[PDB]
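To start, the structure itself, in structure tokens.
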Amino acid sequence: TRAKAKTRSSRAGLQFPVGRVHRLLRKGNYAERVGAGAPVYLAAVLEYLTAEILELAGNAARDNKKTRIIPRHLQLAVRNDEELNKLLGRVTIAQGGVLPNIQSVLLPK
Amino acid sequence: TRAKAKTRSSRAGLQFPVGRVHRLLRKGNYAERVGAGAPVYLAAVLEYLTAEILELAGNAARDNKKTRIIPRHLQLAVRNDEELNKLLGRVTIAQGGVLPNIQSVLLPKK
Amino acid sequence: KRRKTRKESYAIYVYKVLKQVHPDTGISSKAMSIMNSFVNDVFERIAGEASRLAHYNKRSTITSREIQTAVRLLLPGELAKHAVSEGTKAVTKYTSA
Amino acid sequence: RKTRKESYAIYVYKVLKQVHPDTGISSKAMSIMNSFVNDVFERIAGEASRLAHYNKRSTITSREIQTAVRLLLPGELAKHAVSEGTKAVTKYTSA
Amino acid sequence: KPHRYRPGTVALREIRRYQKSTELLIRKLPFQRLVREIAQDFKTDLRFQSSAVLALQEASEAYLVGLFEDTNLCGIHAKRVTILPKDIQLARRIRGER
Amino acid sequence: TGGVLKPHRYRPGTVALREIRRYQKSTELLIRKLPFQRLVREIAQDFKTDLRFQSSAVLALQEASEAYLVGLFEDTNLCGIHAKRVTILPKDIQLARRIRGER
Amino acid sequence: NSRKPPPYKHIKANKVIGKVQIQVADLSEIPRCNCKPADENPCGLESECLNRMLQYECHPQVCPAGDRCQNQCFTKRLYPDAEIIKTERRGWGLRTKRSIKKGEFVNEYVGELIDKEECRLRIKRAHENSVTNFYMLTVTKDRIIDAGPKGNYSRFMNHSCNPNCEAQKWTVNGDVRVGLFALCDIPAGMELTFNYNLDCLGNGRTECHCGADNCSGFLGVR
Amino acid sequence: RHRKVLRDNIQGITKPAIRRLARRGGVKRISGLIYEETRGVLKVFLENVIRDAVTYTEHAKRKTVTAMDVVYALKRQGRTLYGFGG
Amino acid sequence: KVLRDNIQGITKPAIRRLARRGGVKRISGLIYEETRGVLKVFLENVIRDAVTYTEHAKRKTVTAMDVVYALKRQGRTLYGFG
DNA sequence: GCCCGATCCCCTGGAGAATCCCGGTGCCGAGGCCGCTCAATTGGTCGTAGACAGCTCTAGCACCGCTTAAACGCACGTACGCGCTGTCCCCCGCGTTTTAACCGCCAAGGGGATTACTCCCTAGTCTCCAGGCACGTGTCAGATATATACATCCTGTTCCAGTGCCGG
DNA sequence: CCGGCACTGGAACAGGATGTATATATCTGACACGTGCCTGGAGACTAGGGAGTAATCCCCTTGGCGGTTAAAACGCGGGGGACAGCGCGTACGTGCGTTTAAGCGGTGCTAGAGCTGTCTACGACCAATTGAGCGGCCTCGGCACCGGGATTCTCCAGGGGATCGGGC
Ligand SMILES: C[S@@+](CC[C@H](N)C(=O)[O-])C[C@H]1O[C@@H](n2cnc3c(N)ncnc32)[C@H](O)[C@@H]1O
Ligand SMILES: [Zn+2]
Ligand SMILES: [Zn+2]
Ligand SMILES: [Zn+2]
């Protein structure tokens, strides 16, 4: 341990822990051996998928003139995009509600 | 080795391989260790479920004056049993067909 | 000829259990494949559910006590009541004799 | 006593401050993003496992991880994520 | 003559009041007394965490709210505007439950 | 001069109730093999060019396509009867698929 | 006119002459019903018989109703009654002796089996000597029933625009046969007659000398 | 043994409670036979989940039902739920 | 050598037979162009996954196990082909 | 008045039929029989995972009292199911003629599937040290509570089109 | 027989009461920072086997040809079913007044979940050795078709007979 310790997730330019994803892959009964560019690939996808469900909820909050995010903005952000609605199609979100929607035959003529 | 060999199916009283279930459990990434009465319990459950289907399939092949099971009798056996039909609900059996059923509002009336 | 390699199936145990229930019928070469798939498909559900039962509890061994719970979660009402008896008797007949 | 509970809160909070500098988040929502990440990790891992088993191999590699993404993610997500990963892996080696 | 709104107005204006809130729409004590009574059949003398009963109410309400949305399309198919006990059975049968 | 007689024809709905009874008892496949096999080879030419197939891999897609269609035509019928009709129209397939989940 | 018309070789079934065979199938391509030992009349006349509704004859070895099932009427042959009475100018006709109900099995139509080319050469031969043939009936493709040389009493019928029976097509033991059924019940003493749609290759050379309101028409119009 | 049995607790889901659940689903007019069928639909859904929760609880040799037993029992049927741990 | 016109090899009688095995008595005249659009979005979902499984293994032939895996991945298990 | 050579309801020498029955020829699939190899049983040694026995101390169950928000009846009138009748046009059962699926061949070559040999990449041990978890604390965002100010739904009161049926 | 003092539904249109949106004030409880410390990640070697790469063998996917027959395409007709217009009467919605439990403060008691510490029985690992199970090769042998003699039943037949109109 002569040189100064340089973290593995700074060599790649990421924010998620490449050193802990590896320990979880190894103790999880997935295979006998685990390569070296597997965690550097999985962290870079877990980080991209979460930086786009938040960029929509931050936009949805600005329409109520609010500063924080609550479980309702995540629902309004997920059920209004037809890709996240196809990925999260059988998931329930606590304290989320429904979308405003009413058929036309019921409206007064 | 010094004494004569006996299998492990013979000790338990089974017709299925207790020695071949064991290495499939050990080489399938299910855990780090495996007990000694896990294969002896998992073979006696795979034998009961086989007898349960073959009996009904034979009873259903008898009613055509036939002496041989084909893939149609296996479908007729399981689509009539209210529990094998719940265990095998999302499964397709090749060359099986359907069950005869006509609705009551389509039959001709005078 | 190159003496092709071997390949295993349950097609001599499936044909031993049939001679107990119906001592005179036979089975077809295409009805044997379906029973092969049936057995290989029911093995994996019961193994994969106990694999997770053991991990929720922070253990590292699969015993004859996780296989008795995987059956009670996987099989329906009256089916999951004779399988437990079969499996419980085939271990008492083995651990003593 | 009070041994430790690990989570992803401090990385979700670092990702938020790059898309929205003047914004916060509450606890009921942190506890939903946590379940989200834990749920997707385990759909992508348990399919690379099966691929390696089908092909009779013993090692999980980035070539299995890349293919387990095209079978799971729909549409344009599967085209942007595949390009995200193959830049981190290209930068990591040349160092 | 106390001004007597017409039939169908007060209903249409709470359809869109209950689609902006996110609260829970059943009483907590009546719902908690039924959970402890269903589960006397499987094992006696149990005890429940305080937040294990709050997790069941949410699943239940999310199940019913989405069954009613399937029931409401069969009625419009048959050219009605009311829902009857024969429109629930078609939804459940086509879904694949009964 | 000399004519020929002709027995009365069937009332509509009889030769269609004899076939419901004939086809619910056989097991064979109900589509033609070369027509079905050219469609599979032109669909796959948009994902990867110049690839081959196995005779028992083309025969496995045709067993699942028919099992899908025969089981969708059974949900269409119950909507048609709900609406108090006998005929199936193109607006019952859509209701079946929407309640089922696929659209 | 006390004489008797040219005798006919009486017969009970159809005898094949032409180039087509019969289609007697084995007892695994015969349909099965849904009844069972039950209330008075199994496979009766007022019942929900799936084999009766679709115009099938049920077999006594396959029917679950057993052997007392009433769907066997092409073998028992409980035919109609009193024979030819004299018309005025129509040929011979017939008449009924016993009262008959509504929708009951009147006697079959039976003859010999001839195909298209043999039939047409037969008529082209018998035309040059002016026999005025009056006996032809097609049933399906490449098959014809004929009652000229031989036959039974159902060869003595007529045409009327107010008839009492029609010619249906039943499938008996894998083969298709013809049988005349009564529209509505009638007390005994009337001349049986049925409509037939002719398809003359030449032209219509006969008016309907029967007598009714709409019956004017022709022998080949409506 | 303060375990006086409970009885007739399904009628605690009153009809206003059901009208609100139907308003959130978008319904304008309601019949009068729906209230005795919604209860039968709910009492079949609750049992399939309480059964598996008690089964998961007994395997660990516990007496208290927790909030992870319910989440596992729900996920086992294809009804994942975010918000309560995991 | 590209192809086309091949969706109309699923004729009208072949659709009436599949309707009779399902149990229908009358059929409208617009069902025939409505069914050829449903059958063509189910086949693509399966052939895409089959070709992905094939390309992972460095082959050029589509075997009969690729189809079984691509079908099991969507909850449509099939018995009798391996 | 008796009786004669034809003269019509039975009648059987063949003959013929159909098909109950008993038995020759010829088959695609399944059932048994020896060589052979590799995977399961017997026998020991050992070290980590799990089973009991305390011991602290959080949280789930039981009771009491009060204030108010929600559930429960009860009546009226209005819109909405549900049955009936008339009409017309589209889907079903027929014959003809045209097209291409199926089956049996024969020929050439891409690519799937074993087998051998040699690097190079993942596991496994020591060290060293810094990033992430629990604990403690302050200040500011969002949740009510008033008061006023409009949008929104329903109807009374006027007002054109056409005129009630009288009538020369 | 269309025009006429006075007649009748139809159309519009503000204008109330009620419900929905504002602009300040106050104010509590949870979010966003700091500090100390322990455990989990990173740096440096070392020894063995899993996978990349080349090469040979033969199976099976593709391509073209002829020919026989069953299925697909096209055009007539006629009766049955889908869709629209009316009318009657039963049940669900809107509002008002009276009754019954959900909810919010506490308080005290104890059951049971979580942590710590020994200590023995159970599963992994390795070596020598024999039989259970898979691949290839013969037999028999229960069915589908073809003769065949051919047995109950049918039936064509010119004839055996009781009758007759005159014959005698
Ligand atoms: C059907 S053949 C039967 C042979 C014989 N004439 C008979 O009646 O038994 C009757 C012949 O008489 C004619 N015919 C029968 N009934 C008729 C009727 N009602 N009006 C006009 N012609 C009729 C037909 O043209 C036919 O050619
Ligand atoms: Zn019957
Ligand atoms: Zn019968
Ligand atoms: Zn006439």
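Chain labels run A, B, ... following the order of the structure tokens; each chain numbers its residues from 1, and ligands are numbered from 1 in the order shown.
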Residues within 12 Å of ligand 4 should be enumerated using only C-alpha atoms (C1' of nucleotides) and all ligand atoms and returned as a list in words.
-> residues 158, 159, 160, 161, 162, 163, 193, 194, 195, 196, 206, 207, 208, 209, 210, 211, 212, 213, 214, 215, 216, 217, 218, 219, 220, 221 and 222 of chain G
Neighbours of chain F in chain G at 6 Å, counting only C-alpha atoms, as a list in words =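 Residues satisfying the distance criterion: residues 136, 137, 138, 167, 168, 196, 197, 198, 199, 200 and 202 of chain G.
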Chain E contacts to chain J at 12 Å (only C-alpha atoms (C1' of nucleotides)) as a list in words | residues 1, 2, 3, 4, 5, 6, 7, 8, 9, 10, 26, 27, 46, 47, 48, 49, 50, 51, 78, 79, 80, 81, 82, 83 and 84 of chain E
Contacts of region 13-20 of chain C at 12 Å (only C-alpha atoms (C1' of nucleotides); same-chain gap of 6+ positions) as number ranges by chain = B: 9, 14-17, 43, 46-58, 68-69; C: 26-29, 31-39; K: 133
Ligand 2: which residues are within 12 Å, counting only C-alpha atoms (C1' of nucleotides) and all ligand atoms, as a ChimeraX atom specification?
-> /G:31-38,41-60,62-72
Between I:67, I:30, I:41, I:24, which one has atoms that come closest to residue 12 (chain I), using only C-alpha atoms?
-> I:30
Specify as a PyMOL selection string all residues of chain B found within 6 Å of chain C, counting only C-alpha atoms.
-> chain B and resi 11-12+30+32-35+37-38+41+44-45+67-71
Determine which residues of chain D sit within 12 Å of chain B, taking into account only C-alpha atoms, and present them as an MDAnalysis selection string.
-> chainID D and resid 46 49:50 52:54 56 58
Please, could you write that set of residues out with N, CA and C atoms as a compact mmCIF listing (two decimals), in the first residue's frame?
# COMPACT_ATOMS: atom_id res chain seq x y z
N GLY D 46 -30.08 -11.83 -12.60
CA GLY D 46 -30.65 -13.15 -12.71
C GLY D 46 -30.97 -13.60 -14.11
N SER D 49 -27.09 -14.69 -15.34
CA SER D 49 -26.89 -16.02 -14.77
C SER D 49 -27.40 -17.12 -15.69
N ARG D 50 -28.65 -16.99 -16.16
CA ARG D 50 -29.25 -18.02 -16.99
C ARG D 50 -28.58 -18.12 -18.35
N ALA D 52 -25.38 -17.55 -19.03
CA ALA D 52 -24.14 -18.30 -18.82
C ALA D 52 -24.42 -19.78 -18.62
N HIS D 53 -25.51 -20.12 -17.93
CA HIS D 53 -25.85 -21.53 -17.76
C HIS D 53 -26.22 -22.20 -19.08
N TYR D 54 -27.04 -21.54 -19.91
CA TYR D 54 -27.40 -22.10 -21.21
C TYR D 54 -26.17 -22.37 -22.06
N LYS D 56 -23.13 -23.02 -21.10
CA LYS D 56 -22.16 -23.88 -20.41
C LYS D 56 -20.84 -23.15 -20.15
N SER D 58 -18.72 -20.60 -16.93
CA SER D 58 -18.59 -20.41 -15.50
C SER D 58 -18.38 -18.97 -15.07
Filtered DSSP result for chain I, state alpha helix (DSSP H), as JSON, numbers by chain = {"I": [13, 14, 15, 16, 17, 18, 19, 20, 32, 33, 34, 35, 36, 37, 38, 39, 40, 41, 42, 43, 44, 45, 46, 47, 48, 49, 50, 51, 52, 53, 54, 55, 56, 64, 65, 66, 67, 68, 69, 70, 71, 72]}
Distance CA of residue 23 (chain D)-CA of residue 67 (chain A), one decimal place?
->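 One can read the CA of residue 23 (chain D) to CA of residue 67 (chain A) distance as 5.6 Å.
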To one decimal place, how far is CA of residue 63 (chain I) from CA of residue 56 (chain F) in Å?
->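 Interatomic distance, CA of residue 63 (chain I) to CA of residue 56 (chain F): 7.9 Å.
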Considering only C-alpha atoms (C1' of nucleotides), extract the chain D residues located within 10 Å of chain K and return them as a list in words.
->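 Residues passing the distance filter: residues 1, 2, 24, 25, 26, 27, 57, 58 and 59 of chain D.
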Next, dump the selected residues to file, keeping only C-alpha atoms, as a PDB file, in the first residue's frame.
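Listed below is the output, result01.pdb:
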ATOM      1  CA  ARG D   1     -26.445  -2.907  19.086  1.00  0.00           C
ATOM      2  CA  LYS D   2     -27.718  -0.778  16.188  1.00  0.00           C
ATOM      3  CA  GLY D  24     -34.719  18.646  -2.484  1.00  0.00           C
ATOM      4  CA  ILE D  25     -36.483  15.355  -1.714  1.00  0.00           C
ATOM      5  CA  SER D  26     -38.323  13.800   1.221  1.00  0.00           C
ATOM      6  CA  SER D  27     -38.119  10.493   3.069  1.00  0.00           C
ATOM      7  CA  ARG D  57     -19.788 -21.267 -18.993  1.00  0.00           C
ATOM      8  CA  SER D  58     -18.592 -20.414 -15.498  1.00  0.00           C
ATOM      9  CA  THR D  59     -17.885 -16.670 -15.713  1.00  0.00           C
TER      10      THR D  59
END
Which chain D residues are at most 12 Å from chain H (counting only C-alpha atoms), as a ChimeraX atom specification?
-> /D:5-8,27-39,42
Within 9 Å of chain H: residues of chain K, using only C-alpha atoms (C1' of nucleotides), as a list in words =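 Here they are: residues 91, 92, 93, 112 and 113 of chain K.
You will find CA of residue 22 (chain H) at 28.7 Å from CA of residue 53 (chain H).
If we count only C-alpha atoms (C1' of nucleotides), these residues of chain J sit within 8 Å of chain F: residues 92, 93 and 101 of chain J.
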With N, CA, C and O atoms (P, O5', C5', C4', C3', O3' and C1' of nucleotides) retained, write the just-selected residues as a compact mmCIF listing (two decimals), in the first residue's frame.
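Printed below is out-v9.txt as written:
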# COMPACT_ATOMS: atom_id res chain seq x y z
P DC J 92 -71.45 -15.45 -42.69
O5' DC J 92 -72.37 -16.56 -43.37
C5' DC J 92 -73.50 -17.09 -42.67
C4' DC J 92 -74.40 -17.88 -43.60
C3' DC J 92 -73.77 -19.14 -44.19
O3' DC J 92 -74.71 -20.20 -44.16
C1' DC J 92 -74.58 -17.77 -45.93
P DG J 93 -74.23 -21.72 -44.02
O5' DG J 93 -74.64 -22.35 -45.43
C5' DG J 93 -75.97 -22.83 -45.67
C4' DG J 93 -76.27 -22.84 -47.15
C3' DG J 93 -75.63 -23.98 -47.95
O3' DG J 93 -76.61 -24.59 -48.79
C1' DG J 93 -75.20 -21.91 -49.00
P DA J 101 -48.55 -22.35 -52.83
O5' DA J 101 -48.66 -23.53 -51.76
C5' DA J 101 -49.87 -23.74 -51.09
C4' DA J 101 -50.14 -25.22 -50.87
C3' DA J 101 -49.03 -26.01 -50.21
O3' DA J 101 -49.62 -26.99 -49.37
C1' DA J 101 -49.52 -26.97 -52.29
